[PDB]
């Protein structure tokens, strides 16, 4: 309606609403106990298995759902139970995210900056896209942030951060021989270029992370340029030059080859070549190759090299008429 798309079925919104009750509410004190003084969480943790934390002075991170998940969860616990220590934790977390943001809008994996690939704009593990989703829900007074947790001035700051992040995403979207496509799992914070991360994470279009970036963009006012960018990304996911036809990724078969023939099924690669759009593989030696059986056993079983990534964004695009 107008230039706003529904949030019903939006993958980023679904992640956020699920995060509100990710753990038992009785785990709130254990979650709180790991928050660093800068407002971020230090690592991804399983709060159903760990003991009490002891705070700390290390860098915060958005690796593997950290910080963004905890802050949404604690905002909901505050909404439901009224204990202001949780409100205060959420305030520190939102400030952490904004403090981490580069002038260009990029969000790093770790902050304060640790050097290496963690400094890059990090789409990996839905980090930057879902962090911007959290800030956008906060900016727009959406539950669980419709309590007294934030002021009007806070929301103005968050809207600015979301706008900068959107600008970053639009500038980083990869032009493949003149055609707008999608994003690498990480890009240069200042130069917008695709970057490597770990040895086996090469410069590429990301089949895994580009879904969440498109979902975040679909939460925003659909300007002419944003509509074009989203339609381009969806068209890339829905192209026979991108998906593998009559295949699925079965991780139970990873001992030799998880990419297997299957009727009525499409598969997306985790990594595509920036220029040729060929699905590819890597390994701990940083090599680039096209036959997954050439990979070390530990990397083929220890990391997913493809999946059903496109399904959720293509179905959502169909729902809202973006095909």
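Positions refer to the first chain, counted from 1.
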Tell me which of 125-133 and 172-180 has the higher mean C-alpha B-factor in the deposited entry.
172-180
Ranked by mean Cα B-factor in the entry, 240-248 and 101-109, top stretch is 240-248
Candidate set 30, 267, 274, 297 [ranked by C-alpha B-factor, highest]:
30
Looking at 46, 70, 283, 63, which has the highest Cα B-factor in the entry?
46
Tell me, lowest, middle or highest third: where does the Cα B factor of residue 188 rank within its chain?
lowest
Is the Cα B-factor recorded for residue 219 in the lowest, middle or highest third of its chain?
middle
Entry-reported C-alpha B-factor of residue 194 relative to its chain, by third, is middle
Sort the modelled residues of this chain by their C-alpha B factor and say whether residue 305 lands in the lowest, middle or highest third.
lowest
Within this chain's modelled residues, let me know which third the CA B factor of residue 206 belongs to: lowest, middle or highest.
lowest
